[PDB]
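Structure record follows, encoded as structure tokens.
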Number of protein chains: 2
Amino acid sequence: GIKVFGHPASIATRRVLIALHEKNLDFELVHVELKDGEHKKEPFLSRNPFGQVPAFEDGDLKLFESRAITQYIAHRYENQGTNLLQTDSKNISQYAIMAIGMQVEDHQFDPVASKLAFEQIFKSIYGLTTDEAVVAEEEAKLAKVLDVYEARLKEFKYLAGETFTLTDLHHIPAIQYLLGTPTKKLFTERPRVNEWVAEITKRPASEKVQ
Amino acid sequence: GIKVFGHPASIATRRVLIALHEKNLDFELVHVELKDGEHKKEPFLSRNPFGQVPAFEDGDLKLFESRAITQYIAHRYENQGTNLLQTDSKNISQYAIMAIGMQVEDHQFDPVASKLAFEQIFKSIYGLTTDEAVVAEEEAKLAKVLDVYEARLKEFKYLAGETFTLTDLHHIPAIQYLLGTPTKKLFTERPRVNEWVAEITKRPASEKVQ
């Protein structure tokens, strides 16, 4: 009984939909009206007391926080679909590599790419103008992150190894949005990042969420 | 060959020292002068390209990002010292519980308790005044986090089970600092949180970092 509680335009929720499709799982996307302030009132507060989407439910097991859910799915449904984990589970070196990688995207990438997608895709919805100063400022930090990935991808085929992992997946939602923004120049101006981005986004599980 | 590269007053570095002591490991705390801008220049940039502490090194394996290091230690040195992981490793329910818990402290707790410790312990160092408006604002969010923990701790003895895990440990550094601040009233005004805080901070591995 898989029920994802969220908003289909949310980057955090899309992150959970892709992982679900990646494991050919069946679920029901229970929509939460963020505009009606639903998430900030019972009974959603019993699903996520911090009042945010997504919230998840695998039968009786309840979770929230998108990366905690992806990891749950990754293990709980390991012997099914694509392996979103390291190839050799006994390799501590591959474990440490993915740990850093999942810590990096969450602290260094996500915060920047979100502010950038907001200023350039959600503000424009309500006819607001993008703060050009902020945009350029956050773009400076993202190029820094991408220069590090450019290094990683010259050795590895993916961010945490020669295999597609949750590390790469966590970026997908944010990258899809930035792609339809002039910010896409940062991904294209780097050879490895460009190729890598065109790989992870042209995946059918990825194409099923846009 | 364990060498921790950081600053002994850093919350993120203390988080790595406690885990190390918890596994009775031996290491060398290589100090980085943040004041001299060391971390923002080679060769530290080769240890952590994002220029922050801590940076770690277990012989040849290099890491950074404090929670990625703790998890490394937790597994790489599992059959040694205190088990900073779930009691039953095959219990997916206990896995999911700790995943959410580690995602929660990092997103909901750490950001607040840091801003609160800065405004009230590091600003006062340089004779600066604490922004009373900010303090009260961030304290409102922390009480929210602590109300959720108060719920958790009424069922569990610790945050992710009846056992001391990396979930509880990650909070230790921030809590030590807030304790010597009027912010300690939020931890004391809640029965379970109070008792739990007095448990995790009176641990010898915890007492070795203040």
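Residue numbering for chain A follows Swiss-Prot, covering 3-212 in order.
Recorded method for this deposit: X-ray crystallography, 2.6 Å.
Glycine too: its Cβ is placed from the backbone N, Cα and C atoms.
Per Swiss-Prot, these features apply:
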- A:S12, A:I13, A:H41, A:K42, A:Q54, A:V55, A:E67, A:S68: glutathione binding site (BINDING)
- A:93-212: domain 'GST C-terminal' (DOMAIN)
- [ ] Write out which of the listed binding-site residues, namely A:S12, A:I13, A:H41, A:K42, A:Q54, A:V55, lie with a C-beta under 8 A from a C-beta of chain B, sequence order kept, or 'none'.
- [x] none
Open item on the list: With Cβ-Cβ distance below 8 Å and at least 6 positions apart along the chain, what are the contacts of A:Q54 (glutathione binding site)? List them in sequence order.
Closed with: A:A14, A:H41, A:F66
- [ ] Go through A:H41, A:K42, the listed binding-site residues, and name the one with the sparsest Cβ surroundings, counting other Cβ atoms within 10 Å.
- [x] A:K42
- [ ] Enumerate same-chain residues with a sequence separation of six or more from A:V55 (glutathione binding site) and a Cβ-Cβ distance below 8 A; give 'none' if the list is empty.
- [x] A:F7, A:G8, A:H9, A:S12, A:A14, A:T15, A:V34, A:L36, A:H41
